[PDB]
Amino acid sequence: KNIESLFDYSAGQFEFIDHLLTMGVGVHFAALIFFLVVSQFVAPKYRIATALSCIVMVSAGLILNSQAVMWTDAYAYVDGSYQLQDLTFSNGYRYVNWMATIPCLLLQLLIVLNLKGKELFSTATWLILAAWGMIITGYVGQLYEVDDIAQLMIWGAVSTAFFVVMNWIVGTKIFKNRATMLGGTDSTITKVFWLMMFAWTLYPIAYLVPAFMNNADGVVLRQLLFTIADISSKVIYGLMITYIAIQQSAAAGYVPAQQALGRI
Ligand SMILES: *C/C=C(C)/C=C/C=C(C)/C=C/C1=C(C)CCCC1(C)C
Ligand SMILES: CCCCCCCC/C=C\CCCCCCCC(=O)O
Ligand SMILES: [Cl-]
Ligand SMILES: [Cl-]
């Protein structure tokens with residue numbers, strides 16, 4: 001049901017996608033160790049924001065690892081090209097993983113925005129419901145990326161509605177709570193918003209690839225887009241969230257944070 005299954009791949013195409021996914025694994029697990037060691041410099045009220053980046057690194061890292069092994073399982077070099085065998089490859093498992101990872105990305109944002117208690121719980125609940133609506137309708141949509149492009153488009157429009165409303169909640173909370181933020185991170189959090197708008201928008205672009213480039217090179221392009229998007233939305237994002245967490249920790253008087261920033 002996925003366009004990947006439609007084509008044979010050149011050694012070049014096949015190896016590049018393998019390398020993309022493998023590099024993706026390496027980057028996320030390398031970052032995991034960074035987030036782990038810096039977590040001790042985060043104040044208690046923000047420390048979970050950095051823990052969530054650890055959780056996202058392993059979750060994303062595992063899905064990329066799974067995709068890479070699925071990729072090599074599904075194809076074998078036969079008569080001069082990589083051809084589909086008995087096992088299958090699908091991006092559908094990425095969608096399932098987003099059900100977990102996207103709530104984590106959203107929660108660590110709410111934490112460094114200094115949201116608490118009732119507002120935190122209510123905002124998280126609405127954000128996660130919006131995200132799940134987006135992910136589920138998008139998942140259904142890509143089931144038709146071969147059989148019914150029109151259906152892919154309509155489910156994609158519905159998904160985009162959830163996406164836009166989710167982003168509006170995000171932007172509203174960010175620009176409203178920006179003033180509460182310490183250590184100059186009121187400025188930093190603005191860049192985080194735009195990083196999110198940019199990186200997360202790469203995913204619906206990848207989703208539309210079967211509509212504007214239905215060939216083996218389109219398959220490569222989609223994995224390339226996912227790689228840019230994953231690294232930007234999880235790793236670079238997590239680094240900014242953790243920076244913001246440490247800076248606010250220091251400004252709030254957390255001594256290990258102050259000491260850590262002092263060494264650099
Ligand atoms: C780390 C993974 C992330 C941040 C994934 C984000 C995914 C999206 C923003 C997905 C968006 C979609 C649309 C807005 C329309 C097409 C269907 C989706 C689900 C790909
Ligand atoms: C934050 C950005 C992260 C970027 C991650 C991607 C790094 C590698 C990117 C690709 C370089 C272009 C490779 C050339 C493609 C050759 C075409 C092919 O062989 O199929
Ligand atoms: Cl604290
Ligand atoms: Cl993920």
Side-chain angles (χ1 to χ4, degrees), residues 4 7-32 39-68 71 81-82 91-106 108 111-112 114 116 131-132 134-135 138-139 182-183 195-196 198-200 202-203 206 209 213 215-240 244-258:
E4 284 82 9
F7 317 108
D8 301 333
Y9 300 92
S10 66
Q13 288 167 332
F14 177 83
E15 288 174 13
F16 182 54
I17 286 175
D18 188 38
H19 293 158
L20 280 180
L21 297 169
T22 302
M23 178 194 67
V25 175
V27 172
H28 285 79
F29 277 98
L32 166 68
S39 60
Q40 63 190 297
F41 308 121
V42 188
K45 66 168 298 180
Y46 301 118
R47 198 169 297 138
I48 175 180
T50 295
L52 281 168
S53 274
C54 291
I55 291 174
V56 167
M57 289 310 104
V58 56
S59 182
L62 284 175
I63 194 63
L64 296 179
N65 181 68
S66 177
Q67 292 295 100
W71 184 242
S81 71
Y82 281 92
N91 292 285
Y93 292 102
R94 282 186 182 265
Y95 288 70
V96 176
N97 205 250
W98 295 343
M99 298 291 292
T101 50
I102 292 187
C104 288
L105 295 170
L106 294 168
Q108 59 183 169
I111 294 159
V112 295
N114 300 304
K116 298 177 183 63
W132 282 352
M134 178 186 71
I135 297 163
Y139 170 80
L182 321 164
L195 172 62
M196 295 175 75
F198 150 67
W200 293 39
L202 297 177
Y203 292 97
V209 163
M213 194 175 297
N215 53 53
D217 292 312
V219 170
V220 174
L221 172 60
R222 175 150 74 180
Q223 294 306 308
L224 192 69
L225 290 172
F226 280 152
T227 301
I228 302 168
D230 287 341
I231 290 178
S232 298
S233 67
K234 308 177 207 294
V235 182
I236 299 179
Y237 175 82
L239 289 171
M240 296 193 67
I244 288 177
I246 301 271
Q247 188 68 33
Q248 285 193 104
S249 294
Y254 190 58
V255 169
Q258 298 179 342

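All ligand and atom numbering here is 1-based and tracks the order in the structure. Each residue takes its place number in the sequence, starting with 1. Heavy atoms only: backbone and side chains are in, while hydrogens, waters and symmetry mates are out.
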May I have the list of side-chain donor-acceptor pairs in residues 53-66 shorter than 3.5 Å, sequence neighbours left out?
| residue | atom | partner | partner atom | Å |
| --- | --- | --- | --- | --- |
| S53 | OG | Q108 | NE2 | 2.9 |
| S59 | OG | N97 | OD1 | 2.9 |
| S59 | OG | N97 | ND2 | 3.4 |

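- Taking atom 4 (C) of ligand 2 as the reference point, the nearest protein heavy-atom neighbour is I228 CG1, 4.2 Å.
- Scanning the protein for heavy atoms near atom 8 (C) of ligand 2, the closest one is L20 CD2, 4.2 Å.
- There is no protein heavy atom closer than 4.0 angstrom to atom 16 (C) of ligand 2.
- There is a protein heavy atom closer than 4.0 angstrom to atom 10 (C) of ligand 2.
- For atom 6 (C) of ligand 2, the closest non-hydrogen atom of the protein is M23 CE, 4.1 Å.
- Between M23 and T227 the shortest heavy-atom distance is CE-CG2, 3.6 Å.
- The single protein non-hydrogen atom nearest to atom 19 (O) of ligand 2 is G12 O, 4.0 Å, given as residue, atom name and distance.
- Pairing each heavy atom of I135 with each of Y95, the nearest pair is CG2-O, 3.2 Å.
- A side-chain donor-acceptor contact under 3.5 Å links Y203 and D230.
- With a heavy-atom cut-off of 4.0 Å, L224 touches ligand 2 through its side chain alone.
- The shortest contact between atom 3 (C) of ligand 2 and any protein heavy atom is with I231 CD1, 4.2 Å.
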Would you mind writing out the side-chain donor-acceptor pairs for residues 8-16 within the sub-3.5 Å range, not counting sequence neighbours?
| residue | atom | partner | partner atom | Å |
| --- | --- | --- | --- | --- |
| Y9 | OH | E4 | O | 2.7 |
| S10 | OG | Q13 | N | 3.0 |
| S10 | OG | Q13 | OE1 | 3.3 |
| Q13 | OE1 | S10 | N | 3.0 |
| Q13 | NE2 | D217 | OD1 | 3.0 |

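- For the pair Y237 (side chain) and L105 (backbone), a donor-acceptor distance under 3.5 Å is present.
- Here the protein heavy atom with the shortest distance to atom 12 (C) of ligand 2 is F16 CZ, 4.3 Å.
- Taking each heavy atom of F7 and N215 in turn, the nearest pair found is CZ-CA, 3.4 Å.
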